[PDB]
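Only this structure's heavy atoms are used, side chains among them; waters, hydrogens and symmetry mates stay out. Just so it is clear: chains get the letters A, B, ... in the order the sequence lines come, proteins before strands, and each one is counted from 1.
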Amino acid sequence: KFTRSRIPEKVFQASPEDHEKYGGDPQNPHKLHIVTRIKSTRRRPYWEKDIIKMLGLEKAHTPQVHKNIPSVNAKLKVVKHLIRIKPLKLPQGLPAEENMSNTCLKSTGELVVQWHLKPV
Amino acid sequence: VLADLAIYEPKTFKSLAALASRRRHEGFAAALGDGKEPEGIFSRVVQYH
Amino acid sequence: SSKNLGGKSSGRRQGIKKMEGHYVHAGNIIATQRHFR
Amino acid sequence: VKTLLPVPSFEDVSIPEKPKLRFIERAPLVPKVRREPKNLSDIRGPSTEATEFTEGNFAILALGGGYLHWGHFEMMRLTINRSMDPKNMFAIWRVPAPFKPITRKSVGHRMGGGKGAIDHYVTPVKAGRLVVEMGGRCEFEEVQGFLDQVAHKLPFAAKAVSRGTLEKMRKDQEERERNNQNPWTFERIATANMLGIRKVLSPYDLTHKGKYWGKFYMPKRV
Amino acid sequence: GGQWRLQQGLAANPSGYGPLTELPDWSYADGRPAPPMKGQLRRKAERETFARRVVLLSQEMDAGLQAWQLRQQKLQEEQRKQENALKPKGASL
Amino acid sequence: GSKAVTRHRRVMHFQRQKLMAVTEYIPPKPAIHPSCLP
Ligand SMILES: [Mg+2]
Ligand SMILES: [Mg+2]
Ligand SMILES: [Zn+2]
């Protein structure tokens with residue numbers, strides 16, 4: 001019978017080879033995920049559909065920012081095969097009040113604080 | 001517009017094809033030599049901020 | 001030709017009614033069982 | 001000149017009395033009155049019993065699941081007993097007598113009206129289980145020949161193996177597993193539910209690791 | 001198409017997040033800038049909402065960390081104050 | 001349909017077929033063939 005699948009925690013334990021393959025630092029991990037739906041919930045179970053709805057990834061290829069906390073991490077682990085997870089990095093600081101209007105997500109995950117339209 | 005130029009501006013389309021061939025040769029040279037030094041001239045993308 | 005007959009009883013719906021940590025009022029049935037469990 | 005080597009001596013192997021295969025009866029002495037379902041799982045996956053040598057040094061190894069019945073038992077016993085040497089080889093069974101009752105309905109019968117009467121009995125066999133073991137003061141080549149003869153006539157894939165042969169196969173399987181060069185493994189994907197593949201896979205595939213398909217075993221599957 | 005665009009970090013679809021999309025299409029011939037385009041306005045609003053959500057989530061995480069640290073400190077101080085109530089006399093002499 | 005155990009190899013779901021095709025065993029390949037070097 002087809003049921004929900006529980007994933008062993010040894011899957012979610014990075015090795016130093018993984019820390020070399022990807023740029024993540026096990027000390028001071030990233031605060032926020034960028035999550036993007038890249039696979040339809042059709043031909044998928046209703047619990048995966050509901051989890052996608054809760055995470056707010058109803059629209060495909062639309063990035064959504066989430067916390068890097070265990071509850072939302074379990075939520076993402078449920079539907080990890082339908083989505084893409086990247087760290088949200090801030091080259092400058094967090095968006096301020098006077099720079100909140102002129103910002104851009106700027107794929108590769110770099111939320112740039114100033115967004116001009118001129119060449120460097 | 002590429003087909004438009006191919007029909008009505010053959011000189012411009014030949015220039016475009018020459019530029020594409022130059023970039024392709026530069027890509028081959030880059031895959032051979034890892035840049036070192038100039039990484040090509042019609043390479044060097046323009047950055048925006 | 002189907003010598004076996006009789007075994008057509010419904011489930012008794014027996015088991016735990018209030019689980020661990022559940023607030024309960026006096027008289028509430030906690031678990032219905034046969035053959036003490 | 002051609003260099004010579006000492007012959008493998010046999011001074012620590014003793015043949016037992018009654019060295020030939022015991023007769024196997026088609027039906028149990030006490031016949032089963034109650035009819036059981038076809039629990040097809042007793043031929044699925046790897047064998048958990050009779051997987052290692054006990055007294056002999058050669059055997060017939062099953063590479064797939066199946067049911068052995070009295071015709072198969074008679075075939076193997078007759079061929080072994082007529083092709084072996086009583087004074088230097090002994091053969092021992094490793095599968096029980098047929099005990100699983102197979103029922104069949106009367107010919108030209110419509111569907112319904114209860115189960116069918118018990119017709120015969122079979123012995124379930126899983127892949128990786130030794131079926132007949134052989135021992136004595138003999139080398140492997142003659143027994144390998146006339147045991148592959150028998151193994152080719154079994155209902156499943158089978159081979160003639162020895163202690164060294166079987167050990168070599170297991171070590172090569174481990175070596176293939178460790179020196180596999182692609183980074184994508186059936187075990188890893190199935191256990192991590194990568195791509196949501198469990199909607200296509202089976203709950204038994206978590207332990208079968210893609211090496212077993214029904215009653216069929218793939219030894220090159222890694 | 002462009003996947004090399006992603007390696008340059010440039011929106012694999014060239015129709016978003018770049019001057020080709022975000023610059024004004026036109027302006028008056030005398031020099032006065034044109035009113036903002038509707039798609040550009042909507043994109044700006046969505047970007048502002050995303051940035052505000054990022055700030056809110058980061059602030060909530062930092063506040064939770066501070067609250068946990070404060071709870072641990074308060075519990076440690078309370079237990080240490082519980083420690084010192086000793087007036088032993090039974091085995092003093 | 002069929003039972004989980006059958007006699008005819010029971011052709012697989014296409015996703016399972018792709019999984020088996022993608023998870024095949026790849027033997028190591030030396031940089032230079034062992035016979036060529038001395
Ligand atoms: Mg019943
Ligand atoms: Mg009923
Ligand atoms: Zn050579």
Assess whether side-chain hydrogen bond (donor to acceptor under 3.5 Å, both in side chains) is satisfied between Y23(C) and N28(C), documenting all intermediate values.
CA-CA 10 Å; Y23(C) 190 75; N28(C) 285 354; over 6 Å; no
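- The distance from atom NZ of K87(D) to atom CE of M84(D), rounded to the nearest 0.5 Å, is 12.0 Å.
- The nearest pair of heavy atoms linking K10(A) to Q13(A) is CA-OE1, 3.6 Å.
- Atoms OG and NZ, on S162(D) and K168(D) in that order, are 11.5 Å from each other to the nearest 0.5 Å.
- Scanning all heavy atoms of the two residues, the minimum distance from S202(D) to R44(D) falls at OG-NH2, 3.8 Å.
- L130(D) has its side chain out of reach of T51(D): every pair of non-hydrogen atoms, C-beta onward, lies at least 4.5 Å apart.
- Around atom NZ of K38(D), no more than 12 heavy atoms belonging to other residues, nucleotides or ligands sit under 6.0 Å away.
- Aromatic ring pairs are classed by plane angle as parallel below 30°, tilted from 30° to 60° and perpendicular above 60°; the pair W70(D) and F23(D) is tilted.
- Using a 4.5 Å heavy-atom threshold, the side chains of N73(A) and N68(A) count as touching.
- Side-chain atoms of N182(D) come within 3.5 Å of backbone N or O of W184(D) as a donor-acceptor pair.
- Looking at residues two or more places apart in sequence or on another chain, you find a side chain to side chain contact (heavy atoms under 4.5 Å, CB included) between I7(A) and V11(A), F12(A), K80(A), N193(D).
- No more than 12 heavy atoms of other residues, nucleotides or ligands lie within 6.0 Å of CD in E20(C), so this atom counts as exposed by the packing criterion.
- Of all heavy-atom pairs spanning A190(D) and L201(D), the tightest one is CB-CD1, 3.6 Å.
- Around the NZ atom of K32(D), the shell of radius 6.0 Å holds more than 12 heavy atoms that belong to other residues, nucleotides or ligands.
- The line from NZ of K18(F) to CD1 of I197(D) is 8.0 Å long, rounded to the nearest 0.5 Å.
- Relative orientation of the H208(D) and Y204(D) rings is tilted, given thresholds of 30° and 60° on the angle between their planes.
- Separating the NZ atom in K100(D) from the NE2 atom in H69(D) is a distance of 13.5 Å, to the nearest 0.5 Å.
- Checking side-chain atoms of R221(D) against main-chain N and O of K211(D) turns up no donor-acceptor pair under 3.5 Å.
- The closest side-chain heavy-atom distance from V35(A) to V65(A) is not below 4.5 Å.
- Of the inter-residue distances, the one linking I92(D) atom CD1 with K18(D) atom NZ reads 5.5 Å to the nearest 0.5 angstrom.
- Judged purely by atom type and a 3.5 angstrom limit, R37(A) uses its side chain to pair as donor or acceptor with the backbone of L57(A).
- For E52(D), the CD atom counts as densely surrounded, since its 6.0 Å shell holds more than 12 non-hydrogen atoms of other residues, nucleotides or ligands.
- At a threshold of 4.5 Å between non-hydrogen side-chain atoms, the residues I60(D) and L154(D) count as touching.
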I'd like to know whether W93(D) forms a ring pair (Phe, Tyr, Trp, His ring centres under 6.0 Å) with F73(D), so could you lay out the CA-CA distance, the side-chain angles of the two residues, the decisive distance to 0.1 Å, and finally the verdict.
CA-CA 10 Å; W93(D) 288 114; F73(D) 276 105; 5.3 Å; yes
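- Using modelled atom types, no side-chain atom of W47(A) and backbone atom of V78(A) make a donor-acceptor pair closer than 3.5 Å.
- Around CZ of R22(D), the count of heavy atoms belonging to other residues, nucleotides or ligands within 6.0 Å does not exceed 12.
- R84(A) CZ: 12 or fewer foreign heavy atoms inside a 6.0 Å radius.
- Considering only heavy atoms from C-beta on, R176(D) comes within 4.5 Å of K220(D) through its side chain.
- Of the possible donor and acceptor atoms, one in the side chain of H66(A) sits under 3.5 Å from a partner among the backbone N and O of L55(A).
- With no hydrogens or angles considered, a side-chain donor-acceptor pair links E11(D) and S9(D) at under 3.5 Å.
- More than 12 heavy atoms of other residues, nucleotides or ligands sit less than 6.0 Å from atom CZ of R53(E).
- Of the candidates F53(D), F146(D), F140(D), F58(D) forms a ring-ring contact (aromatic ring centres under 6.0 Å, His included) with just one, namely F140(D).
- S15(A) meets the side chain to side chain contact (heavy atoms under 4.5 Å, CB included) test with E17(A), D18(A); sequence neighbours excluded.
- The closest side-chain heavy-atom distance from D205(D) to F186(D) is below 4.5 Å.
- Checking side-chain atoms of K49(A) against main-chain N and O of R44(A) turns up a donor-acceptor pair under 3.5 Å.
- Contact annotation: the side chain of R198(D) approaches that of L206(D) to within less than 4.5 Å [non-hydrogen atoms, C-beta and beyond].
- Side-chain atoms of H30(A) and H33(A), non-hydrogen and from C-beta on, do get closer than 4.5 Å to each other.
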What's the verdict on side-chain hydrogen bond (donor to acceptor under 3.5 Å, both in side chains) for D42(D) and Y67(D), showing C-alpha distance, side-chain angles and the deciding distance?
CA-CA 9 Å; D42(D) 40 341; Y67(D) 289 121; 3.2 Å; yes
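- Only one option out of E133(D), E55(D), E49(D) pairs with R94(D) in a salt bridge (charged side-chain N to carboxylate O under 4.0 Å, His left out); it is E133(D).
- Rounding to the nearest 0.5 Å gives a distance of 13.5 Å between CG of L76(A) and NZ of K67(A).
- Distance alone, capped at 3.5 Å, places no donor-acceptor pair between the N57(D) side chain and the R163(D) backbone.
- Panel note: side chain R37(C), backbone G15(C); no donor-acceptor pair is recorded below 3.5 Å.
- Looking at residues two or more places apart in sequence or on another chain, you find a side chain to side chain contact (heavy atoms under 4.5 Å, CB included) between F216(D) and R9(F).
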Kindly indicate, with the supporting measurements, whether the criterion ring pair (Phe, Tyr, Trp, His ring centres under 6.0 Å) is fulfilled by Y217(D) and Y212(D).
CA-CA 5 Å; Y217(D) 161 62; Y212(D) 294 96; 5.0 Å; yes
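- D148(D) places a side-chain N or O within 3.5 Å of a backbone atom of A160(D) that can act as its donor or acceptor partner.
- Nearest heavy atom pair, residue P98(D) against residue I24(D), reads CD-CG2, 3.6 Å.
- Within 6.0 Å of the NZ atom in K75(A), the count of heavy atoms belonging to other residues, nucleotides or ligands does not exceed 12.
- Between the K105(D) side chain and the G112(D) main chain, a donor and an acceptor come within less than 3.5 Å of each other.
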